[PDB]
Structures are given as structure tokens and as C-alpha cells.
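Counting starts at 1 for both ligands and their atoms, in listed order. Start at 1 with the first residue, then count along the sequence. The basis for the numbers below is simple: all heavy atoms, side chains too, and nothing from hydrogens, waters or symmetry mates.
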Amino acid sequence: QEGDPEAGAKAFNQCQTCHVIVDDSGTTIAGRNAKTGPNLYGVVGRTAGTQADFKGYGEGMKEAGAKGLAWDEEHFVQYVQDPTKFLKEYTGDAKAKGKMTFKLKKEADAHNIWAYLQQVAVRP
Ligand code: HEC
């Protein structure tokens with residue numbers, strides 16, 4: 001919401017190596033065909049670790065979603081900044097790591113990509 005969606009659309013290039021945003025009709029809104037990560041379409045407000053077509057979720061992600069994690073900005077930003085650190089605290093498991101552990105470099109990108117998802121990845 002307070003980030004720059006247009007700056008986020010551009011910062012999304014960092015994520016398209018592994019994600020894609022493809023609406024229910026099947027149109028690619030961002031990215032080409034990366035499957036490593038889950039389709040980010042409809043992630044806003046979605047319960048962590050529940051994208052129907054994804055099969056590579058780590059246990060930490062499936063459990064955080066089971067403990068009640070649905071994506072909002074606050075969380076989404078903490079997560080991409082340090083994904084392990086976030087899964088350990090949310091999950092309470094000091095042994096959770098996740099399938100992606102790189103830490104985002106800028107916090108602004110995080111807010112901007114969120115403002116962009118809020119503009120293109122919200123499942124009506
Ligand atoms: C590949 C090297 C990745 C890059 C680059 C990015 N993401 Fe990612 N993401 C990846 C994986 C394998 C997973 C699964 C994590 C696991 O432990 O299971 C994810 C997950 C996410 C999620 C969770 C979505 C869900 O369905 O609950 C989000 C919110 C997410 N990724 C965001 C994201 C953003 C914004 C990126 C660019 C800055 C990005 N990812 C890059 C793998 C990879």
C-alpha cells in the first residue's frame with residue numbers, strides 16, 4: 001500500500017527467476033515459466049504454503065500456514081528479508097530453514113513489490 005507499484009513491477013525481476021504471476025485464466029502477468037517457487041498470483045492474503053499447484057513447499061512453510069500465517073505486508077516483508085529467521089520465529093521451530101534462504105537486499109524493494117502485487121496479483 002505505501003510502496004511504489006511501478007517501482008515494484010521493476011523490482012519483481014528479482015523474483016521471476018523462480019516465480020511467476022499467472023491468473024486463473026492462465027495469462028502471464030509477470031515472469032515467464034519459473035517453477036522453482038509457487039505462482040504468486042493470489043498470494044495476497046493467502047495462507048502460507050497452500051498454493052494448490054505447488055509441490056515444493058518446505059515443512060516450515062506448510063507449518064507456518066498451519067499455525068495461521070496468511071500473507072499481508074508486514075509478514076511478507078519480514079519473510080523475504082530473512083526467510084529462515086522468519087520461519088524459525090513464526091514456527092517456533094529453531095530448526096526450520098525453508099527451501100529458500102537468501103535474504104533480500106533492500107527493504108524498499110519489499111514494500112514496492114507488495115504494492116505491485118496488490119495491484120496485479122489480487123484474486124477477485
Ligand atoms: C528462487 C531462487 C527464488 C527466488 C529468486 C525468489 N523466491 Fe520466493 N520462493 C521460492 C521458494 C522455493 C519458495 C518456497 C519456500 C519454502 O520454504 O517452501 C518461495 C516462496 C515464496 C513465498 C511464499 C508464497 C506461498 O505460497 O506461501 C513468497 C511470499 C515469495 N517466495 C516471494 C518472493 C519474492 C517477493 C521474490 C522476489 C523479491 C522471490 N520470492 C524470489 C524461491 C524463490
Side-chain angles (χ1 to χ4, degrees), residues 2-5 7-9 11-12 14-24 26-32 34 36-54 56-58 60-84 86-94 96 98 100-102 104-105 107-118 120-124:
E2 267 191 320
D4 185 340
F12 197 72
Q14 297 169 253
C15 325
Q16 73 187 43
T17 304
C18 301
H19 295 272
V20 98
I21 298 182
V22 173
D23 71 28
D24 301 324
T27 297
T28 299
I29 305 172
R32 254 294 110 221
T36 305
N39 171 2
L40 254 21
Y41 178 82
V43 64
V44 172
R46 197 217 267 138
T47 287
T50 67
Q51 213 276 326
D53 321 298
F54 202 56
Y57 280 119
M61 185 60 81
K62 300 210 287 205
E63 168 181 325
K67 311 248 186 146
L69 171 68
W71 294 112
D72 50 28
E73 191 160 358
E74 187 165 303
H75 284 89
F76 167 94
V77 168
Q78 287 173 225
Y79 181 57
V80 305
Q81 289 209 114
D82 193 338
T84 290
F86 172 91
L87 280 175
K88 286 184 182 160
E89 311 187 300
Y90 197 85
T91 252
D93 173 15
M100 212 274 205
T101 59
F102 281 103
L104 201 71
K105 177 52 158 161
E107 176 173 19
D109 274 10
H111 288 289
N112 292 162
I113 296 163
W114 186 257
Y116 167 55
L117 291 168
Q118 275 284 203
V120 317
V122 280
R123 212 180 280 267

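The side-chain heavy atoms of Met61 and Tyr79, taken from C-beta on, include a pair separated by under 4.5 Å.
Annotation for ligand 1: atoms under 4.0 Å from non-hydrogen atoms of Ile113 are 38 (C). Close approach of ligand 1 to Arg46 is summarised as follows: ligand atoms under 4.0 Å from at least one heavy atom of the residue are 25 (C), 26 (O). Every atom of ligand 1 is numbered from 1 in the order shown, and the set under 4.0 Å from a heavy atom of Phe76 is 29 (C), 35 (C). Close contacts between ligand 1 and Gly98 involve ligand atoms 17 (O) [criterion: under 4.0 Å to a heavy atom]. Those atoms of ligand 1 that come under 4.0 Å of a heavy atom in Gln14, given as number and element, are 5 (C). Atoms of ligand 1 lying under 4.0 Å from any heavy atom of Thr36, numbered from 1 in the order shown and given with element: 12 (C). Those atoms of ligand 1 that come under 4.0 Å of a heavy atom in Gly58, given as number and element, are 16 (C), 17 (O), 18 (O). Under a 4.0 Å criterion applied to the non-hydrogen atoms of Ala48, ligand 1 contributes the atoms 27 (O).
Not a single donor-acceptor pair under 3.5 Å links the side chain of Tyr41 to the backbone N or O of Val120. A donor-acceptor pair is defined here as one N or O able to donate and one able to accept, closer than 3.5 Å; no such pair exists between the side chain of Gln16 and the backbone of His19. In terms of modelled atom types and a separation under 3.5 Å, the side chain of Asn39 and the main chain of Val22 share a donor-acceptor contact. Of the possible donor and acceptor atoms, none in the side chain of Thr91 sits under 3.5 Å from a partner among the backbone N and O of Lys88.
Relative orientation of the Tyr90 and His75 rings is perpendicular, given thresholds of 30° and 60° on the angle between their planes.
Any N or O atom pair closer than 3.5 Å counts here, and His19 shares at least one such pair with ligand 1. Here's the thing with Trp71: one of its N/O atoms is less than 3.5 angstrom from an N/O atom of ligand 1. Checked against a 3.5 angstrom limit, the closest N/O atoms of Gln51 and ligand 1 fall outside it. For ligand 1, one of its N or O atoms has an N or O atom of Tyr57 under 3.5 Å away. Any N or O atom pair closer than 3.5 Å counts here, and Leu104 shares no such pair with ligand 1.
Interatomic distance, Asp4 CG to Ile113 CD1, rounded to the nearest 0.5 Å: 12.0 Å.
Judged by distance alone, the side chains of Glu73 and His111 do bring a donor and an acceptor atom under 3.5 Å apart.
Between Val77 and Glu107 the shortest heavy-atom distance is CG1-OE2, 4.0 Å. Residues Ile21 and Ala121 share a closest heavy-atom pair of CG2-CB, 4.3 Å.
Compare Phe12, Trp114, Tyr79 by their heavy atoms: the one nearest to atom 28 (C) of ligand 1 is in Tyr79. Between atom 3 (C) of ligand 1 and the options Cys18, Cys15, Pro38, the minimum heavy-atom separation is to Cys18.
Within the 4.0 Å heavy-atom cutoff, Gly60 does not count among the residues contacting ligand 1.
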